[PDB]
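A.B. asks: Shown below is the structure under consideration.
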Amino acid sequence: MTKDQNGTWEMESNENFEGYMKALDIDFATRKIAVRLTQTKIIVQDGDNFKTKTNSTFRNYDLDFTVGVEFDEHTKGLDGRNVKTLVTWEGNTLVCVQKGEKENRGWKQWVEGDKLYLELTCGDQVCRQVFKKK
């Protein structure tokens with residue numbers, strides 16, 4: 001009944017992977033490399049903060065912020081542009097608004113049972129994800 005379901009999620013599968021990086025047109029590559037090399041989605045939670053992370057063999061620098069801080073643009077490693085990225089707790093889940101200019105990066109989570117969904121978008125695409133908690 002509170003934002004602390006602390007665990008792990010191997011992410012049973014991925015619908016779209018490169019196309020999300022594709023959507024923001026990072027480099028129409030990495031789809032052949034980043035494919036999957038341990039990709040373990042994780043969640044941490046601290047109280048006033050929240051930093052889900054991926055323990056991938058390629059990268060470990062994912063959800064890294066505090067709630068309501070309002071991540072007023074300024075990103076890089078992925079896109080490298082400028083988009084309002086507001087974060088909020090739903091009471092149960094992490095709702096964030098990618099207030100874009102061109103795209104709708106609108107990335108959000110929502111515990112859809114015994115796993116944790118990550119239903120984002122990014123202008124045109126719509127990355128759908130499925131998990132299975134631990």
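Identifiers for the structure tokens are assigned positionally: chains receive A, B, ... in sequence, residues are indexed from 1 per chain, and ligands are indexed from 1 in the order shown.
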Listing only residues of stretch 18-63 of chain A within 10 Å of stretch 103-126 of chain A, what is the closest atom pair and its distance in Å (to one decimal) for each, using only C-alpha atoms, sorted by chain and residue number ascending, as a Markdown table?

C.D. replies:
```
| residue | atom | partner | partner_atom | distance |
| --- | --- | --- | --- | --- |
| A:19 | CA | A:125 | CA | 7.2 |
| A:20 | CA | A:122 | CA | 6.7 |
| A:21 | CA | A:122 | CA | 8.9 |
| A:22 | CA | A:125 | CA | 9.0 |
| A:23 | CA | A:122 | CA | 6.2 |
| A:24 | CA | A:122 | CA | 7.0 |
| A:41 | CA | A:116 | CA | 9.6 |
| A:42 | CA | A:116 | CA | 9.9 |
| A:43 | CA | A:116 | CA | 9.8 |
```

A.B. asks: Generate the output file for the selected residues, C-alpha atoms, as an mmCIF file, in the first residue's frame.

C.D. replies:
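Final output, saved to out_29.cif:
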```cif
data_model
loop_
_atom_site.group_PDB
_atom_site.id
_atom_site.type_symbol
_atom_site.label_atom_id
_atom_site.label_comp_id
_atom_site.auth_asym_id
_atom_site.auth_seq_id
_atom_site.Cartn_x
_atom_site.Cartn_y
_atom_site.Cartn_z
ATOM 1 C CA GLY A 19 12.763 1.419 -31.955
ATOM 2 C CA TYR A 20 12.572 3.490 -28.743
ATOM 3 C CA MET A 21 16.156 4.579 -29.249
ATOM 4 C CA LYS A 22 15.142 4.803 -32.891
ATOM 5 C CA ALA A 23 12.286 7.107 -32.247
ATOM 6 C CA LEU A 24 14.552 9.720 -30.770
ATOM 7 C CA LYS A 41 15.405 -4.055 -14.693
ATOM 8 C CA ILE A 42 15.540 -2.984 -11.066
ATOM 9 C CA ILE A 43 13.877 -0.738 -8.571
#
```

A.B. asks: Report the residues of stretch 5-72 of chain A whose backbone DSSP state falls under strand (DSSP E), written as a list in words.

C.D. replies: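 DSSP-assigned strand (DSSP E) residues in stretch 5-72 of chain A: residues 7, 8, 9, 13, 14, 41, 42, 43, 49, 50, 53, 54, 65, 66, 71 and 72 of chain A.
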
A.B. asks: As a PyMOL selection string, list the residues of stretch 11-82 of chain A assigned to alpha helix (DSSP H) by DSSP on the backbone atoms of this structure.

C.D. replies: chain A and resi 18-23

A.B. asks: Let me see the file: selected residues, C-alpha atoms, as a short mmCIF file (atom, residue, chain, number, x, y, z; two decimals), in the first residue's frame.

C.D. replies:
```
data_model
loop_
_atom_site.label_atom_id
_atom_site.label_comp_id
_atom_site.auth_asym_id
_atom_site.auth_seq_id
_atom_site.Cartn_x
_atom_site.Cartn_y
_atom_site.Cartn_z
CA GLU A 18 15.76 -0.36 -30.56
CA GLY A 19 12.76 1.42 -31.95
CA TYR A 20 12.57 3.49 -28.74
CA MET A 21 16.16 4.58 -29.25
CA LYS A 22 15.14 4.80 -32.89
CA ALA A 23 12.29 7.11 -32.25
#
```

A.B. asks: Find the distance between atom CA of residue A:94 and atom CA of residue A:29 and write it in Å to one decimal.

C.D. replies: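 Atom-to-atom, atom CA of residue A:94 and atom CA of residue A:29 are spaced 29.0 Å apart.
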
A.B. asks: Ranking A:67, A:78, A:44, A:1 by minimum distance to residue A:27 and counting only C-alpha atoms, which one comes first?

C.D. replies: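 When distances to residue A:27 are compared using only C-alpha atoms, the smallest one comes from A:78.
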
A.B. asks: Return the single residue from A:15, A:80, A:7, A:45 that is closest to residue A:63, with distances computed using only C-alpha atoms.

C.D. replies: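 Closest to residue A:63 of all the choices is A:45.
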
A.B. asks: Excluding stretch 53-57 of chain A and any residue of its chain fewer than 2 positions from it, enumerate the residues within 10 Å of it, using only C-alpha atoms, and give them as an MDAnalysis selection string.

C.D. replies: chainID A and resid 8:11 34 36:44 50:51 59:64

A.B. asks: How far is it from atom CA of residue A:16 to atom CA of residue A:88, in Å with one decimal?

C.D. replies: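 Atom CA of residue A:88 lies 24.6 Å from atom CA of residue A:16.
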
A.B. asks: Got a sec: who's within 7 Å of residue A:84, counting only C-alpha atoms, leaving out chain neighbours fewer than 2 positions off, as a PyMOL selection string?

C.D. replies: chain A and resi 71-73+82+86+98-100

A.B. asks: Those same residues, written as a short mmCIF file (atom, residue, chain, number, x, y, z; two decimals), in the first residue's frame with N, CA and C atoms?

C.D. replies:
```cif
data_model
loop_
_atom_site.label_atom_id
_atom_site.label_comp_id
_atom_site.auth_asym_id
_atom_site.auth_seq_id
_atom_site.Cartn_x
_atom_site.Cartn_y
_atom_site.Cartn_z
N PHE A 71 12.55 16.94 -13.63
CA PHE A 71 13.77 16.86 -14.39
C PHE A 71 13.72 17.69 -15.64
N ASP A 72 13.68 19.00 -15.40
CA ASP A 72 13.61 20.03 -16.46
C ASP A 72 14.64 19.85 -17.52
N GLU A 73 14.42 18.94 -18.46
CA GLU A 73 15.32 18.63 -19.58
C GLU A 73 16.72 18.34 -19.10
N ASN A 82 16.47 18.23 -24.84
CA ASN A 82 15.93 19.04 -23.73
C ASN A 82 14.44 18.85 -23.54
N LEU A 86 9.09 15.49 -15.70
CA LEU A 86 8.49 15.52 -14.39
C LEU A 86 8.18 14.11 -13.87
N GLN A 98 6.88 13.46 -19.89
CA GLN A 98 7.91 13.96 -20.78
C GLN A 98 7.30 15.05 -21.67
N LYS A 99 7.37 16.22 -21.04
CA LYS A 99 6.79 17.35 -21.79
C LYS A 99 7.77 17.74 -22.87
N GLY A 100 7.40 17.23 -24.06
CA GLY A 100 8.24 17.51 -25.20
C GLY A 100 7.70 18.66 -26.05
#
```
